[PDB]
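In what follows, a single structure is set out as structure tokens and then discussed.
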Amino acid sequence: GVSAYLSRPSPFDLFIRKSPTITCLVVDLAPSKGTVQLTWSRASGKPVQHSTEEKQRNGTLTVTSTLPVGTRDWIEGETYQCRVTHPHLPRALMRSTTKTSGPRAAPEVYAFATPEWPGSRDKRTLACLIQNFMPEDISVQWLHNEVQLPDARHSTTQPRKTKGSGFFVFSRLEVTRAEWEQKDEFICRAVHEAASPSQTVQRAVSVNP
Amino acid sequence: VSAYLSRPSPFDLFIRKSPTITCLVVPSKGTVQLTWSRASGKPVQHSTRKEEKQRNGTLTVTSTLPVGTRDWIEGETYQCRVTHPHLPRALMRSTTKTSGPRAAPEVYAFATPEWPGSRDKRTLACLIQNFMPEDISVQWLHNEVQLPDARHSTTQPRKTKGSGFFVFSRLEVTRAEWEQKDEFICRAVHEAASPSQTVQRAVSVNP
Amino acid sequence: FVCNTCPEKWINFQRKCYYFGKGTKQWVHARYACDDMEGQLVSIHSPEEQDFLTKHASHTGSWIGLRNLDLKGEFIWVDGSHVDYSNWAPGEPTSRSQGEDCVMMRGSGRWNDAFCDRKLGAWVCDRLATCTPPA
Amino acid sequence: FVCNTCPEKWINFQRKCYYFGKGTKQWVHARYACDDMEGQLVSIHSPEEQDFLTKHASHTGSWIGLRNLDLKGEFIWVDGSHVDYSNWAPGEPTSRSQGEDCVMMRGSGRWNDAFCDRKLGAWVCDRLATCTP
Ligand SMILES: [Ca+2]
Ligand SMILES: [Ca+2]
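Residue numbers (the deposited numbering), protein chains in the order written: chain A, 335 to 386, 389 to 545; chain B, 336 to 361, 365 to 545; chain G, 158 to 292; chain H, 158 to 290.
Written out as structure tokens, the structure reads:
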């Protein structure tokens, strides 16, 4: 038994950084003493750019190829394919990816902060709820001192469907007293296709203002 | 063919005092056989089978076994065995109480600001965090009555920066609910929550 | 100095050359085709330009060089130029989404927004025609 | 009356019989064992009762009939009685979690809370001694 994955670029990389990449991730549920051959191909037959393996903490090999794509190329509807030459499945793997074509909706941003819990005076947890957007592709970021907090620092759920047509995520961010006793304002950013202008919706959030 | 086995809901266990576990297996000649057995070798109660066809030509069949309250808490290991014509070597799933450190959940509950073009509806949010183990039951309340499970949606427990876990729950609400009685309770049943295995936060739409 | 020289298989009109390609192509695949033919998808700017194309336009429908950077919400020709001339069919653009960040031309010469992954049997390229020194 | 009669392989003390089982078992598997033997996990109530047991306790350690309903936080003997006599080893119960909702007895006769999924090599059962008329 064995699966593989191919992930669209990050709204951030695409719309803002303007250098989107897709990644083909293959999870091997038991690695054999051979190589894996991740091959890239465009549905047009145009040349793919040059693309960019790890032992997991349970003896499973996880190898990921990061192919950088064209900004315009992607947005216009180019289909990208991942062909993985595996030594254990009778034939190959054909994972394929393209721009999700249908309705738009701009995301709703909400940022809160947790009330004080006794014995944790030095830290608080800020929540952000980003909802009613579509398609599911969205990038979520936290800001301070008008520089962006690194990715590890917070944790954002996989987009789930809402009761209606939208999608929603929550982002959770623990902050030290040092941080909010410098500038007591933290911005929750969401880069989404439908968000205008400049593909951005953001809320600002204060620990007891 | 994968196979799965889920612990009871802390609500069934701690409050309802009638916990159930479920063996979920995600298809041809359906001679499927879900077998139940205790690690002690003691007799298991009678379980509830139901098979269902999914909206992609996959069969999803689940067996729900009811367990002893005390027996579960005290550490009994329950097992699920499956034998089948389209299966090579029988799948054997086991479940037991997660034996580890405990931490009671921190509950916080919000109602979302008014959105332009959406007057008669709001969205309530509930963050339950820093608890362990991950097993946790989330519920929403209104006028003595517990809101139906479909009404809200709660995340799979993710690890926190520290040692605990966190879940979020999301709840869309009508004007007639809150104008009637503008109080909505977010309730957590968790193992470590004292007293009587409950933590809850009340939240109002513009209090 | 007069401009009407076209390379073979290109039909001229005023100071541009026009190629009317055929084959099931998506919009972006329609885009590629014209680059490889050293032109670009068509950019319609004059009602006269539209008249000329309407008479050569496939009745199945054609792909034209109109879409948006998304980071816009506004349509723009593949040459970079904005929309001065428009030939919108009734009800169209249904855009704001929908969808349909790509503009297609019906048999009637009328424009309508259809999805980009949608496949059409024809597309129209253009390029600048080349000219001839005076004597 | 006089009560000191025990069914075979059971050791007597005061008005009760005690079985010192041996075998790798979890706490609840150790509880089962005692049921099958028509007794229950041991419930210690007097310093003399503990002193008796200390002499027969395996070095490896032993399972005793003390735990909680969780819907407590407070330990209770499998016979239903609360804790009147206690023989906690120092810094124990480490409970309040941790976890360790089950109590074991050391070689020393001292008690310590250990996790219930842990497997120990001995357990002690008890039952009421029978009497000679
Ligand atoms: Ca349309
Ligand atoms: Ca201890």
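Cβ coordinates follow ideal geometry from the N, Cα and C atoms, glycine included.
When you compare the stretch 234-251 of chain H with the stretch 202-210 of chain H, are there three or more beta-carbon pairs, one atom per stretch, that lie closer than 8 Å? The way I'd put it, the stretch 234-251 of chain H does touch the stretch 202-210 of chain H; three or more beta-carbon pairs between them come closer than 8 Å.
Which residue comes first and which comes last in the alpha helix (DSSP H) that contains B/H480? No alpha helix (DSSP H) contains B/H480, which is instead part of the beta strand (DSSP E) from 475-480.
G/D270 CB to nearest heavy atom of ligand 1 below 6 Å: yes
Could one say the Cβ of A/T493 lies closer than 7 Å to chain B's Cβ atoms, at least one of them? yes
Any beta carbon from chain B within less than 7 Å of A/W516's own beta carbon? no
Within 7 Å of any Cβ in chain G, is that where the Cβ of A/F346 sits? no
Give a single yes or no on whether H/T251 has its beta carbon closer than 6 Å to a heavy atom of ligand 2. Placement of the Cβ of H/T251 at a distance of less than 6 Å from at least one heavy atom of ligand 2 is found.
For G/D236 and residue 135 of chain G, the rounded distance between their alpha carbons: Here chain G has residues from 158 to 292 only, and residue 135 of chain G is not among them.
Just the Cα atoms here: how many angstroms apart are A/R351 and G/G248? 36 Å
Between which two residues does the beta strand (DSSP E) harbouring H/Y242 extend? In the DSSP assignment, H/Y242 falls outside any beta strand (DSSP E), carrying neither H nor E.
With a Cβ-Cβ cutoff of 7 Å, do A/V361 and A/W374 count as a contact? no
Chain-order list of residues whose beta-carbon lies under 6 Å from that of G/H213 (same chain, five-residue window excluded): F177
The alpha helix (DSSP H) spanning residue 388 of chain A covers which residue range? Between 386 and 389, chain A has no modelled residues, and residue 388 of chain A is one of the positions in that gap.
Between which two residues does the alpha helix (DSSP H) carrying G/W184 extend? Counting along the chain, the alpha helix (DSSP H) containing G/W184 begins and ends at 184-193.
At the 7 Å Cβ level, is B/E414 part of the contact set with chain H, yes or no? Taking Cβ atoms only, chain H reaches closer than 7 Å to B/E414, which makes this a yes.
Which residues mark the beginning and the end of the alpha helix (DSSP H) in which G/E206 is found? Where G/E206 is concerned, the enclosing alpha helix (DSSP H) stretches over 204-211.
Taking a contact to mean a Cβ-Cβ separation below 7 Å, would you say B/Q467 touches B/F504 in this structure? In this structure, B/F504 lies closer than 7 Å to B/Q467 by Cβ.
What first and last residue would you give for the alpha helix (DSSP H) that runs through A/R539? From DSSP, A/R539 is part of no alpha helix (DSSP H) but of the beta strand (DSSP E) over 536-541.
Give the DSSP bridge partners of H/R224, in chain order. The partner list for H/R224 (beta bridge, DSSP) reads H/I233, H/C259.
Under 8 Å by Cβ, that's how I've got G/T162 and G/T289 pegged, so tell me the actual separation to the nearest angstrom. 6 Å
Shorter than 7 Å from the beta carbon of B/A531 to some beta carbon of chain A? no
Within 7 Å, strictly: CB atoms of A/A526 and A/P443: Using a Cβ distance threshold of 7 Å, A/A526 and A/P443 count as a contacting pair.
Just checking: is the beta-carbon of residue 388 of chain A within a distance shorter than 7 Å of some beta-carbon in chain G? Note on chain A: consecutive modelled numbers read 386 then 389, so residue 388 of chain A has no coordinates in the structure shown.
Any residues in the stretch 447-465 of chain A with a beta carbon nearer than 8 Å to a beta carbon of chain B? Which ones, in chain order? Only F448, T450, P451, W453, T461, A463, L465 from the stretch 447-465 of chain A bring a Cβ to less than 8 Å from some Cβ of chain B.
Neighbouring residues, chain H, relative to B/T434 (Cβ below 8 Å): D274
Spatial distance of B/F346 from B/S534 (CA atoms): 11 Å
Buried versus exposed, by CB contacts within 10 Å (16 or more), A/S401: buried
What does the alpha-carbon distance come out to for the pair G/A292 and G/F158? 9 Å
Residue ranges of each beta strand (DSSP E) run of no fewer than 3 residues wholly in the stretch 429-510 of chain A, ordered along the chain? 429-433, 444-449, 459-469, 475-480, 490-492
Let me know the secondary structure DSSP gives B/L348 once reduced to three states. helix
Would you kindly report the start and end of the unbroken beta strand (DSSP E) that includes H/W268? Element bounds for H/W268: 268-271.
Less than 7 Å separating the beta-carbons of B/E389 and B/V405? 7 Å or more divides the Cβ of B/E389 from the Cβ of B/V405.
CA-CA distance, G/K182 and A/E414? 12 Å
Which class does residue 363 of chain B belong to by DSSP, given the choice of helix, strand or coil? Note on chain B: consecutive modelled numbers read 361 then 365, so residue 363 of chain B has no coordinates in the structure shown.
For ligand 1, is there any heavy atom lying closer than 6 Å to the beta carbon of G/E206? no
Which residue wins for smallest C-alpha separation from B/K367, given the options B/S385, B/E412, B/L425, B/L403? B/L425
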